[PDB]
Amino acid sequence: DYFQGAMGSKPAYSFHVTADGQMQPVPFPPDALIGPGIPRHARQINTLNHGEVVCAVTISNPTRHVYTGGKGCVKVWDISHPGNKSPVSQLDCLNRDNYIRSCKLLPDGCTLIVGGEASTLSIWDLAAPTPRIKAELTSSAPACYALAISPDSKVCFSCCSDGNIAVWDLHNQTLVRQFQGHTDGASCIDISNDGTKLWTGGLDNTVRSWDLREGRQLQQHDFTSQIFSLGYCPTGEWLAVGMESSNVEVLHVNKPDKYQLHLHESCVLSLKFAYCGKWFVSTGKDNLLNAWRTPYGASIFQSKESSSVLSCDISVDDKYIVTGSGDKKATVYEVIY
């Protein structure tokens, strides 16, 4: 029911790296861990028993349905009444054994795009109380690891296992362009707050930015381990990057400084900004969901789940966090402010 903050402390885990190479522990300002829109507690309110590891999660807008992607199947959960805890519908793949890697809704909640470890992206019509698949988009790449939809809804960007970013016109169901450059799987993706720049991370140890109008690669940042996740801050300026080495790095966009955050013991598998931009979450192979202050990463909360935490989403109203689990489930958290 009601929760209160209780301050804690740890050995310095947040460091600022400046243009001159210096690396100092961050002195947190008074609103690092406290302030309007800063969470005080994350309460587990629902467990969604999918029955396959949940590699992808998404939440409708307005908040109501959660989509869990597993092996062979996306399940749909109504978290209004209930959440708890049986699915209200499910969208089955032809190959029961195909792992889902990503699913995204279009803004108007009526269409879900689904991608994973197969050559097709399925587009599901969710409009007429029963779902039906309405289109298959067919790839040369053996797999999709991540999707992003343009803010105008016209385009779907697919991160391919071969490194390419496939750009799909959604109305015409056709491949319009490829962003080529990742020399190994592209693993993750986001669009900049103005909607003009694409950002991708890869198993080639790079983050790359792309000009969405020109088609041209713009920036490249090389790292010493693989990139598994990324997020662009919705109020701009900051790009969070989750790595295999366990670091979360928060890059200052178009500037030469960054933060390095160290509260994961293993791979950083997924990450998501809050919509107000003031905090974000990352999830680990180490079973942790960590919440972080933007940009310097003061630790707002940690929650240790029963298994590896493979995926996450935050609802557009910032009221809910959903994580997908190695224990064959998703967890719905209510954010307590």
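Numbers follow the displayed sequence, beginning with 1.
Absent coordinates for residue 208 in a third or more of other compared entries: Across the other compared entries, residue 208 is absent from none.
Missing coords for residue 130 in a third or more of other PDB entries: Yes, a third or more of the compared structures omit it.
Which has the higher mean CA temperature factor in the PDB entry, 23-31 or 61-69? Comparing 61-69 with 23-31, the higher mean C-alpha B-factor belongs to 23-31.
Select between 119-127 and 253-261 the stretch whose C-alpha atoms have the higher average B-factor in the entry. Taking the mean C-alpha B-factor of 119-127 and of 253-261, the larger value falls to 119-127.
Highest CA temperature factor in the entry: which of 92, 237, 204, 190? Highest CA B-factor of the listed options: 92.
Among 141, 198, 147, 88, where is the Cα B factor highest in this entry? Reading the PDB entry, the winner on C-alpha B-factor is 141.
Grab the CA temperature factor for residue 2 from the record and place it in the lowest, middle or highest third of its chain. As the PDB entry reports it, the C-alpha B-factor of residue 2 lands in the highest third of its chain.
If you rank every modelled residue in this chain by C-alpha B factor, which third holds residue 110: lowest, middle or highest? Residue 110: CA B-factor falls in the highest third of its chain.
Considering only modelled residues of the same chain, in which third does the CA B-factor of residue 229 rank: lowest, middle or highest? For residue 229, the deposited C-alpha B-factor lands in the lowest third.
Is residue 74 in the lowest, middle or highest third of its chain when residues are ranked by C-alpha B-factor? As the PDB entry reports it, the C-alpha B-factor of residue 74 lands in the lowest third of its chain.
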